[PDB]
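The chain below stands alone and is given in structure tokens; this is the form deposited in one PDB entry.
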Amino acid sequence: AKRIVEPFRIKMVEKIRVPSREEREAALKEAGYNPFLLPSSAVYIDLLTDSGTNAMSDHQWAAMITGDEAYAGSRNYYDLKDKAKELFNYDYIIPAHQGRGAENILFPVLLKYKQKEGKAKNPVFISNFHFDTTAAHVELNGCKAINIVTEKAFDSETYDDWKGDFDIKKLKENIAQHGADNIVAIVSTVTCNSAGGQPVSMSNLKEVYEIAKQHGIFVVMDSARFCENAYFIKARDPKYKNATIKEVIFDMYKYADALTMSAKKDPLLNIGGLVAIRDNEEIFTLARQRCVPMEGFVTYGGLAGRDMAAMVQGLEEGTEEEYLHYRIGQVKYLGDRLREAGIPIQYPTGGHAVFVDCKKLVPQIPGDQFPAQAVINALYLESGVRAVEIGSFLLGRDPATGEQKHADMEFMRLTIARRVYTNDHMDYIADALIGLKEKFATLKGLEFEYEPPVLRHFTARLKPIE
């Protein structure tokens, strides 16, 4: 395990504290054994998500101070539009308040556009792996979300360079089955969050886009972690060994038609989202027509002007290779600490989190009883670290049948905010989970007390089994 020093020093700190065991126990049962329902005051180190918890730089706070709060035509909107042209070569932007705001703007528009000629009678979206809000927006619009990640992602301890890849064979199988007239869009998620933050190769992106263009299928790049994906391409694709990160990104986005981005991840924000379209002006116009009632006027999209200003600056800092090297290396450092102690993880670690394989850690719990959630709850009670489940709990049920969706992966996700915790916090996380080696065998699954019908895991309340 190699500690990689920070390419920055600390400018402002925020106090954290360890609540007592009795605090955690009470807090956990008040939360219905769902850490999502814990107040942050009951949490020590928060690894629930890497979304919106990032530490910004002094340059980003300075851009916020001068942000233009105008309702129409803010200076920062044109800065953002120029930045998107520079980074992605895309000519149209619509800001959004966050990632799922951007999907709410763009996915219904693509559905209605697909349906112009009486097509898309049984519409589907295809992705390497739709994430929760992305899949929810697909199914909310009467569509069907189809995930075709390479099965190399299901073998956690076996190394592979691109565990986020599409399965090209499955892609052509699904185009054959559903027909090109039913494929509303192909969504390229970079990195692929559900597979463990794993990168997608340039040739995979290129091949998917080529196949999509042969059949006239629109391609949207889900871009929340595009910079981490770009680093992995440079690190592992020998054709880009000597390319800058911005060069890698520029090429990535030749293989999509639009992007939806949660700017709360790689652009180092606490809020903010973005739709960008390469050249299709009709889609842009219709998406502006939906942005207005749903998010806000087209030049702020539900963002304060200061947040668009932070986004312009963050979109630069997120691409800096020295920062990416440290950030991705801190995640690798945590994973190696765990792997060197026998804890099974998705190998190699992704860009933003360590995914602990709980199928192997607590095999006496079936997936329908949420084995990873039992490990998470145990970790919290022994240390105050809050982590999140990426398995059967999160996958939800099938909108057609109503039964549990088959989860090929039961992960506890140790999600790392950008520039927030040190390697010594990592050591704390590792040692607390490593110290649980004995308790794992005697952990009990969990049963629903209250299940919402869409995105259940966010607000569900659970009870142990026996």
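Between two forms, the rigid core is the largest collection of C-alphas that superpose within 1.5 Å. Start at 1 with the first residue shown and count on from there.
Annotation for 375-383 versus 267-275: the higher mean temperature factor (C-alpha) is found in 375-383.
Just going by the entry, 6-14 versus 438-446 on mean CA temperature factor gives the higher value to 438-446. Residue set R413, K405, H425, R419: peak C-alpha B-factor at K405 (per PDB entry).
Residues shown: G67, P39, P399, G52. Highest C-alpha temperature factor in the entry: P399. In this PDB entry, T134 carries a Cα temperature factor that places it within the middle third of its chain's modelled residues. Compared with the other modelled residues of the chain, the Cα B-factor recorded for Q364 ranks in the highest third. In the deposited entry, the Cα temperature factor of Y33 sits in the top third of values across the chain's modelled residues. Per the deposited record, the Cα B-factor of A430 falls in the middle third when ranked against the other modelled residues of its chain. In the deposited entry, the Cα temperature factor of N193 sits in the middle third of values across the chain's modelled residues.
Separately, the form deposited in another entry exists; it is not shown, and the next lines address it.
Here the rigid core is superposed between this form and the one not shown, and of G342, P293, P238, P366 the C-alpha of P366 is the only one to shift by 2 Å or more. In this overlay on the rigid core, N104 has a C-alpha that sits less than 2 Å away from its partner position between this form and the one not shown. Superposition of the core reveals a Cα shift of 2 Å or more for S392 between this form and the one not shown. With the core superposed, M409 shows a C-alpha displacement of at least 2 Å between this form and the one not shown.
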